[PDB]
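Q: Protein chains in written order, with the entry's author numbering: chain A, 103 to 477; chain C, 99 to 352.
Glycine included, C-beta positions come from ideal geometry on N, C-alpha and C.
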Amino acid sequence: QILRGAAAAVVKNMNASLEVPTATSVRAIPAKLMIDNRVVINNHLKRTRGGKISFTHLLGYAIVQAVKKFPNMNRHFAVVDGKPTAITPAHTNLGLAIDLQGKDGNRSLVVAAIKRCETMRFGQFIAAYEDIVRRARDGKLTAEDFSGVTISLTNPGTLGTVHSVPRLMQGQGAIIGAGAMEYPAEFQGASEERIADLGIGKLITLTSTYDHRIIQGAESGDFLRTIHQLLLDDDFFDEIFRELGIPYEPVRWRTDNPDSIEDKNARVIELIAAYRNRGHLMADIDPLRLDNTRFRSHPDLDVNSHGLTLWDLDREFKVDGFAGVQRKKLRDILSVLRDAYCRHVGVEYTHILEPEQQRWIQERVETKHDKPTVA
Amino acid sequence: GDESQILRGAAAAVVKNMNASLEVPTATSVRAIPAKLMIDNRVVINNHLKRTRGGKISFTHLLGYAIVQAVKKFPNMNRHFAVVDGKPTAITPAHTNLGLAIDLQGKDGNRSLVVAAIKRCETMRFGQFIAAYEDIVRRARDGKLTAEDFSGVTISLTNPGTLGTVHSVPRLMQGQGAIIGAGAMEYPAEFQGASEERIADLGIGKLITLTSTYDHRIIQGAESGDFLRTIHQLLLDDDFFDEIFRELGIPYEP
Ligand SMILES: [Ca+2]
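1. If you reduce the DSSP assignment to three classes, tell me which class residue 493 of chain A lands in.
2. Could you please tell me which residues of the segment 262-281 of chain C, in chain order, have their CB closer than 7 Å to any CB of chain A?
3. List, in chain order, every chain A residue whose beta-carbon is nearer than 7 Å to that of C/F289.
4. What does C/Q103 touch in chain A if you count any residue whose Cβ is under 9 Å from its own?
5. For a contact meaning CB atoms closer than 8 Å, what does A/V128 contact in chain C?
6. So that I know if they touch, is there some Cβ in chain C lying closer than 8 Å to that of A/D358?
7. By Cβ distance, which residues of its chain are closer than 6 Å to A/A130, with the 5 residues on each side in sequence left out?
8. Out of A/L415, A/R429 and A/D201, point me to the one whose CA is closest to A/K134's CA.
9. For the 8 Å Cβ check, are there 3 or more pairs between the segment 210-222 of chain C and the segment 276-295 of chain C?
10. Should C/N117 be flagged as near chain A, meaning a C-beta pair shorter than 8 Å?
11. With the cut-off set at 8 Å, would you say A/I317 and A/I165 are in Cβ contact?
12. Taking C-beta to C-beta, are residue 53 of chain A and A/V438 nearer than 8 Å?
13. Going along the chain, which residues of its own chain have a beta-carbon closer than 7 Å to the beta-carbon of C/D138, five neighbours each way excluded?
14. Could you check whether the Cβ of A/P286 sits closer than 7 Å to any heavy atom belonging to ligand 1?
15. Starting from the beta carbon of C/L120, find every residue of chain A whose beta carbon is closer than 7 Å, and list them in chain order.
16. Ignoring anything shorter than 3 residues or poking outside the segment 234-301 of chain A, list the beta strand (DSSP E) runs there in chain order.
17. Candidates C/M136, C/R269 and C/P258: which alpha carbon is nearest C/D336's?
18. Can you give me the C-alpha to C-alpha distance between C/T263 and C/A199, rounded to a whole angstrom?
19. Should A/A168 be listed as close to ligand 3, given that the test is whether its C-beta is under 7 Å from any heavy atom?
20. Determine whether the beta carbon atoms of A/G162 and A/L202 lie at a separation below 8 Å.
21. Closer than 8 Å, CB to CB, is C/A292 near chain A or not?
22. Compare the Cα-Cα distances from A/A376 to each of A/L346, A/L390, A/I348 and A/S407 and report the closest residue.
23. Any Cβ of chain C within less than 8 Å of the Cβ of A/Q318?
24. Does C/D206 come within less than 8 Å of chain A when only Cβ atoms are used?
25. In its own chain, which residues sit with a C-beta less than 7 Å from the C-beta of C/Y312, not counting the 5 before and 5 after it?
26. Who are A/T126's beta bridge partners in DSSP?
27. Mapping DSSP to helix, strand and coil, what is C/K170?
28. List the endpoints of the continuous alpha helix (DSSP H) containing A/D324.
29. Rounded to whole angstroms, what is the Cα-Cα separation between C/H193 and A/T187?
30. So for C/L120, helix, strand or coil by DSSP?
31. Does any residue of chain C bring its CB to less than 8 Å from the CB of A/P352?
32. Tell me which residue opens and which closes the beta strand (DSSP E) that C/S210 is part of.
33. Report the neighbours of C/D100 on chain A: residues whose CB is nearer than 7 Å to its CB, in chain order.
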């Protein structure tokens, strides 16, 4: 029997949080949208100025914006002079489960709080998140950071745990348990080609244990619905792409096109030629970004218009000699065309009458060109 | 830190009730039931009722009725723990009064969530049950509920699945033996992206994640686990729908 010392502080907090009558609302959200959008976000950031967006960045941001819609989710129950008074904090401080691997292997799990989140845009939020991350990683966190957690987030889904029912400490209104973003247990045995061909996508089991003294089942149930609406919304990703300097149209949650691969093939062939004819019309060649509508005012380049969805992204199409390969996945086809035409080099080569000249430019444009040497 | 602490008045009653539920040791049994049967049967029920005499059956009508008939099979599900003169005595109520989560949208938008009770459910057929349900609904909607309606809830039912919340782990209040949390009747998250023509061609159906949080001082995991199994047997049974069609004046085979 070893007496607890530093961990005894954690033990007393579990006993203190026992007076809190909690309940838990659980909901599954299809994540196939933010997965396929992260694909573009981290590729575009890597090819321009660095930076990497993780799934928690999007998750925490949606939590913060949903807190604005539901005010009682930030508040926490308290008793002042024998009165049932509920504290309404000025700043919505998102607590994070940051596991600091110590000097002798001691995994010191801390709750760092990103403060003044309600007064932030996607850029300001991820800047304050990465400050709290860079400083926690190098042990430079002040004691003031740990004081002020009004609402928090945990990720038991890191270890593959589908969903959890967390225990809520005093001082908080609710704590969101983000589940395991993955394919369900039954599908784990089938081939990827089988799954994408039917239209089954990965999902996150988002839980929300809340204080039942102040927050009631309807408010917490609607709070999780609101987060679901954001994670599958179009304006949410429109705002995120604007803040990340991405001028291109983000992926939209579209339900599978029930057409055959033969029917879809001629659409994909035609879309390739459409990107070759007017790749320059939707490229980021204006350094001043004066006309922001040039990126969205083109249906001949919009994939959703050509009878295609994010589900068709992983399917093979008989693209006759596109990137040399006679067969290619849709997400590979749209990535070659993005980097070749819609990046910073608009190409008008289709209007030339000599054929070998078009063939020549096609090879020198539709290839993943090597990044120049540091010299 | 620039905060506003408001003293609770009417809501303070709700706060002190959440404290009383702290002494009730609760555990929750969760079970998913394919609802494709009651969905396709509701299709016929509301079409036949519309073409003959009016009336509309909602999914909660069928759900509450099955809860009431399952309570007859398991008696310990209606009972609630109590202490009389320092003795562990369990109350066995005479009438099984099903609690309803009725959200009354008030005068200034104030959604006053009440717990009305359909009484003497054990002595009822499908017709008598839905008549007593619609009386409690029509009167709650127009603020004509007596204080006598709220006193007597022996077993309650909540619907977090209204807002799309897959399943919930509710908090059980004192005076109730068990409270059932009806999940969201829908297709799972993964399938949400595929076409309807794809789904029906394979044979995948909608489902409801029915939860059951109970008082561990009297009810045990096996009884609550079997209670939910019994409800599932009913929601996919043939005689259950045969009885309902008889009570609704539908002569055709369900
Ligand atoms: Ca499943």
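A: According to the data block:
1. No statement about residue 493 of chain A is possible, as the shown extent of chain A runs from 103 to 477 and does not include it.
2. Along the segment 262-281 of chain C, going in chain order, the ones with a CB nearer than 7 Å to a CB of chain A are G262, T263, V264, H265, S266, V267, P268 and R269.
3. Stepping through the second sequence from its first residue, residue 289 of chain C is reached at position 191. Ordered by position in chain A, the residues that pass the 7 Å Cβ test against C/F289 are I302.
4. For the purposes of this step, residue 103 of chain C is identified with residue 5 of the second sequence, where counting begins at 1. Contacts between C/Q103 and chain A, judged by CB atoms closer than 9 Å, involve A180, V182, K185, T187, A188, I189 and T190 in chain order.
5. Here the question's residue 128 of chain A lines up with position 26 in the first sequence. For A/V128, the C-beta contacts it makes with chain C under 8 Å involve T263, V264, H265, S266 and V267, in order along the chain.
6. Against the first sequence, residue 358 of chain A aligns to sequence position 256. Closer than 8 Å to some Cβ of chain C, the Cβ of A/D358 qualifies, so yes.
7. As a first step, residue 130 of chain A must be located in the first sequence, where it is residue number 28. Non-local beta-carbon contacts of A/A130 in its own chain, meaning distances under 6 Å to residues more than five positions away in sequence, involve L305 and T307 in chain order.
8. Here the question's residue 134 of chain A lines up with position 32 in the first sequence. If we check each option's Cα against that of A/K134, A/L415 comes out closest.
9. Contact between the segment 210-222 of chain C and the segment 276-295 of chain C is absent, because fewer than three Cβ pairs lie under 8 Å.
10. Taking the first residue of the second sequence as position 1, residue 117 of chain C is located at position 19. Yes, its Cβ sits closer than 8 Å to a Cβ of chain A.
11. Here residue 317 of chain A corresponds to residue number 215 of the first sequence, with the count starting at 1. Here residue 165 of chain A corresponds to residue number 63 of the first sequence, with the count starting at 1. Going by C-beta atoms, A/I317 is not nearer than 8 Å to A/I165.
12. Nothing about residue 53 of chain A can be read from this structure; chain A reaches only from 103 to 477.
13. Translated into positions along the second sequence, residue 138 of chain C becomes position 40. Within the same chain, C/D138 has no close Cβ partners at all.
14. Looking up residue 286 of chain A in the first sequence gives position 184. Between ligand 1 and the CB of A/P286, the shortest heavy atom gap is smaller than 7 Å.
15. Numbered from its first residue, the second sequence carries residue 120 of chain C at position 22. C/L120 reaches chain A at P123, counting residues in chain order whose Cβ is nearer than 7 Å.
16. Inside the segment 234-301 of chain A, DSSP marks whole beta strand (DSSP E) runs of 3 or more residues at positions 253-256 and 276-279, from first to last along the chain.
17. On the second sequence, residue 336 of chain C is found 238 positions in, with the first residue counted as 1. Among C/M136, C/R269 and C/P258, the Cα nearest to that of C/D336 belongs to C/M136.
18. Position 165 of the second sequence, counting from 1, holds the residue named residue 263 of chain C. Position 101 of the second sequence, counting from 1, holds the residue named residue 199 of chain C. For C/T263 and C/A199, the gap between their C-alpha atoms comes out near 16 Å.
19. Of the ligands one can find in the structure shown, namely ligand 1, none is ligand 3.
20. In the first sequence, residue 162 of chain A corresponds to position 60, counting from 1. In the first sequence, residue 202 of chain A corresponds to position 100, counting from 1. Taking C-beta atoms as the reference points, A/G162 and A/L202 fail to come closer than 8 Å.
21. Position 194 of the second sequence, counted from the start, is the residue given in the question as residue 292 of chain C. Closer than 8 Å to some Cβ of chain A, the Cβ of C/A292 qualifies, so yes.
22. For the purposes of this step, residue 376 of chain A is taken as the residue at position 274 of the first sequence. The residue among A/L346, A/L390, A/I348 and A/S407 with its C-alpha nearest the C-alpha of A/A376 is A/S407.
23. Stepping through the first sequence from its first residue, residue 318 of chain A is reached at position 216. Yes, A/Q318 lies at the interface with chain C (some Cβ there is under 8 Å from its Cβ).
24. On the second sequence, position 108 is the one that residue 206 of chain C refers to. With 8 Å as the cut-off, C/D206 does not count as an interface residue toward chain A.
25. Looking up residue 312 of chain C in the second sequence gives position 214. A distance below 7 Å between beta-carbons, with the five flanking residues on each side excluded, links C/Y312 to the following residues of its chain, in chain order: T124, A125, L270, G275, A276 and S322.
26. As a first step, residue 126 of chain A must be located in the first sequence, where it is residue number 24. When DSSP reads this structure, A/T126 sits in a beta bridge with A/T311 and C/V267.
27. Here residue 170 of chain C refers to the residue found at position 72 when the second sequence is read from its first residue. It is helical.
28. Looking up residue 324 of chain A in the first sequence gives position 222. It spans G319 to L333 - the alpha helix (DSSP H) in which A/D324 sits, taken as one unbroken run.
29. Reading the second sequence from its first residue, position 95 is the one you call residue 193 of chain C. Reading the first sequence from its first residue, position 85 is the one you call residue 187 of chain A. Computed Cα separation, rounded: 38 Å.
30. Taking the first residue of the second sequence as 1, we reach residue 120 of chain C at position 22. Taken through DSSP and simplified to helix, strand or coil, C/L120 comes out as coil.
31. By 1-based counting over the first sequence, the position of residue 352 of chain A is 250. No, because no Cβ of chain C sits closer than 8 Å to the Cβ of A/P352.
32. By 1-based counting over the second sequence, the position of residue 210 of chain C is 112. Element bounds for C/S210: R209 to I216.
33. Residue 100 of chain C sits at position 2 when you count from the first residue of the second sequence. Simply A192.
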